[PDB]
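Comments concern the structure below.
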Amino acid sequence: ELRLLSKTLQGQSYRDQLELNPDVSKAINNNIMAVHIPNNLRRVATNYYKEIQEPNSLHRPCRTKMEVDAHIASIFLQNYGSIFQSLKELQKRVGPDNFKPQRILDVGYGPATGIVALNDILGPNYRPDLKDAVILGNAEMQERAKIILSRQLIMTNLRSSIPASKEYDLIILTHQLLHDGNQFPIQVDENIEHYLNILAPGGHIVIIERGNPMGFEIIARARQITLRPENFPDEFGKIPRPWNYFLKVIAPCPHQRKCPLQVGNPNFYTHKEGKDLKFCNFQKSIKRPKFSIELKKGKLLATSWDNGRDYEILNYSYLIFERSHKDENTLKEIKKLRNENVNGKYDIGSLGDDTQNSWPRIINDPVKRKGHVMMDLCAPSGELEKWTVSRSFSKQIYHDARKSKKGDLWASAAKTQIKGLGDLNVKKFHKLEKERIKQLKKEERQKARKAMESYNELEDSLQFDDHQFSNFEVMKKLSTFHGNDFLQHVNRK
RNA sequence: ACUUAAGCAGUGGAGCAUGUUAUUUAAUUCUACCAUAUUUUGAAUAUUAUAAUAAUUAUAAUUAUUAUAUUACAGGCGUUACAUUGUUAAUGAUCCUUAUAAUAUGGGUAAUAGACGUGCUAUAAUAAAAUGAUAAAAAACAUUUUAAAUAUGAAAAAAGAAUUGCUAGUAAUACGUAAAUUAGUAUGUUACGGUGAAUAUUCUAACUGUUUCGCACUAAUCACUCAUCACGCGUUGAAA
RNA sequence: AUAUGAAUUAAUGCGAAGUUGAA
Ligand code: SF4
């Protein structure tokens with residue numbers, strides 16, 4: 001626990017090692033797995049892992065009870081850390097006082113997972129009115145969710161579908177903005193819109209995803225459709241955005257403008273040219289409990305599939321929105337803020353409003369050498385930035401930057417604040433796609449003359465009938481002519 | 001059909017070794033890190049000048065060299081969320097230039113509540129110790145002694161989860177030899193030979209692919225369909 | 001009887017996101 005500076009404290013993110021409640025670990029390893037002989041649980045967990053090892057895949061509901069317990073094993077470990085960190089980010093950014101939500105909803109394939117994390121977070125003295133929690137996967141998951149929640153302090157209401165006769169002030173989503181690899185662009189909009197309807201005034205939505213390029217794509221698309229950066233050009237900073245309804249981003253994003261890292265299609269992470277592309281992931285460390293230690297052992301699961309750790313480094317992407325309060329106050333407040341005080345063109349190097357909301361976020365592990373720390377930042381201006389701190393520019397700023405880590409908000413000035421030039425090829429890619437759209441319309445027009453001259457050549461020497469073109473090849477042209485015709489037909493659809 | 005049950009061979013609580021994590025720290029780097037002093041064209045190339053040296057022209061002019069200044073800069077174990085080549089360091093781009101460069105001293109990389117992996121040695125008598133034939137790229141044989149926390153071990157005894165392999169020149173060997181990294185270090189890896197067993201498979205079995213049936217499922221059983229509970233809007237039917 | 005209106009009243013159609021059963 002370092003002195004650093006008071007501002008550096010608010011800037012820093014929760015870096016402590018993660019741990020499950022010992023009661024919960026004892027409960028799981030005593031009941032949920034002791035009856036099961038470990039081999040079958042390991043087999044079903046391995047099955048679950050193998051079908052996500054595929055590039056840019058998505059997680060799936062747990063079909064059968066053995067897969068149910070295997071999901072309790074493998075993914076509770078990861079999702080608990082993800083939610084715990086994201087909720088800590090939320091609590092700290094909004095302040096510890098504003099976060100006393102009464103109406104609580106959690107959606108995810110796992111057990112009541114946001115519920116347990118929230119309980120552990122704000123402590124065992126917390127007894128709201130409502131603690132609804134839907135479990136998508138299986139009925140057998142709810143009894144084990146009850147088992148887990150019993151050891152903590154039940155009022156949690158285990159459902160199977162979203163109750164839609166009530167609004168909520170706190171909502172958590174885990175792996176819910178998509179369910180199919182295909183249909184990716186649009187299911188995110190449908191799913192998010194489904195939940196934004198049931199977010200009460202002043203509430204918060206906390207979305208957590210896998211943290212691989214597909215997941216980053218999901219968060220980026222959700223942010224784009226919700227904020228709509230293009231609808232408010234030249235508007236820097238964070239003012240709530242429409243979607244009598246208004247929403248703003250709490251974290252990780254430090255700007256409401258477009259995401260600099262967004263490339264539209266996940267599949268292009270799979271190409272040779274996409275071998276250096278980068279995405280807004282976020283790592284954390286959590287120490288393995290007994291069962292994982294007992295579980296992740298054997299040739300099947302504890303070897304190179306072809307030394308051990310006490311902990312897992314989990315990747316996840318996440319997003320948060322804060323909702324404004326329905327009132328004669330907030331609406332006019334937002335309207336006037338958008339009218340009379342634009343926050344100007346925040347320059348590269350700027351710190352935004354110089355409050356925790358608009359601080360640059362450290363989106364890569366800072367690289368540290370003698371005297372100087374360099375940082376890769378998503379800036380409140382919104383461009384990728386390399387900021388270098390030195391012993392020269394100061395001693396204290398160097399001290400703080402030299403303890404800086406990924407996922408922290410850096411909150412000071414630097415001697416150089418240049419653009420993050422490297423792997424900004426997403427901006428080069430934004431050119432390529434727009435090239436295609438304009439030149440796509442040349443493609444059909446080229447294809448017209450390409451096929452016309454081919455057939456005009458055909459008819460000349462087939463009307464003249466010298467038949468220099470072979471019977472095999474001539475009938476090949478006719479195949480191309482009609483085949484090209486049909487392919488144009490369906491492309492209209 | 002792994003695996004299990006059996007039989008056999010074992011290993012598994014102790015320590016260290018070797019790492020990792022955490023916590024701690026001014027650092028506990030990823031000599032490269034911390035504290036205190038201390039150097040600013042520095043390491044090179046060029047410019048432009050005053051000093052000597054030469055060569056010329058004519059003391060001066062020029063050219064060099066050599067110093068001293070001279071600033072472009074040099075320098076950077078800075079960057080790959082800095083690229084392209086090259087390979088399995090370079091160019092470029094950018095960043096620092098009383099500092100991110102340079103030197104010195106000391107300190108750290110070895111801190112220790114914990115936690116986990118990898119191996120070696122132990123815990124005695126179908127087995128250790130002392131003494132006396134054979135390889136490829138010494139165990140063996142012989143004799144004797146041998147306590148009961150020792151004369152074992154260089155805490156460790158009793159019981160457990162776990163786990164490794166199962167006819168084979170395989171396992172195991174308190175059997176050794178050798179190579180590379182190396183100025184020096186191996187309990188790590190690699191090969192390389194010598195000796196050469198035990199023991200038998202009722203059983204269970206996920207996963208598992210074929211499959212058979214039905215389907216009203218087609219995002220595929222969390223599938224779809226049906227009924228309930230509420231809100232409004234209609235349509236028609238009787239009517240004192 | 002052929003119509004036209006009616007307090008009172010029967011059934012059913014639709015749709016909004018859902019709520020409840022497991023036919
Ligand atoms: S790069 Fe910045 S804007 Fe994009 S998702 Fe990450 S934090 Fe948000």
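Counting starts with 1 at the first residue shown.
Per the header of the entry, the method used was electron microscopy, 3.8 Å.
The backbone N, Cα and C atoms fix where each Cβ goes, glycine too.
Feature annotations, reproduced from Swiss-Prot:
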type	residues	note
BINDING	A:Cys253, A:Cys259, A:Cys280, A:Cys378	[4Fe-4S] cluster binding site
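On the structure: features taken from Swiss-Prot.
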{"residue": "A:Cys253", "record": "[4Fe-4S] cluster binding site", "DSSP (3 states)": "coil"}
{"residue": "A:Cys259", "record": "[4Fe-4S] cluster binding site", "DSSP (3 states)": "coil"}
{"residue": "A:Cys280", "record": "[4Fe-4S] cluster binding site", "DSSP (3 states)": "coil"}
{"residue": "A:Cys378", "record": "[4Fe-4S] cluster binding site", "DSSP (3 states)": "strand"}
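Taking every protein chain shown into account, A:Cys253, A:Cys259 are the binding-site residues, and of these the Cβ with the most other Cβ atoms within 10 Å belongs to A:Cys253. Other than A:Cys253, A:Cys259, A:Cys280, A:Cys378, the residues of this chain whose Cβ falls within 8 Å of the Cβ centroid of the [4Fe-4S] cluster site are, in sequence order, A:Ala220, A:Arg223, A:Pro252, A:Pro254, A:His255, A:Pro260, A:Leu261, A:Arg361, A:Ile363.
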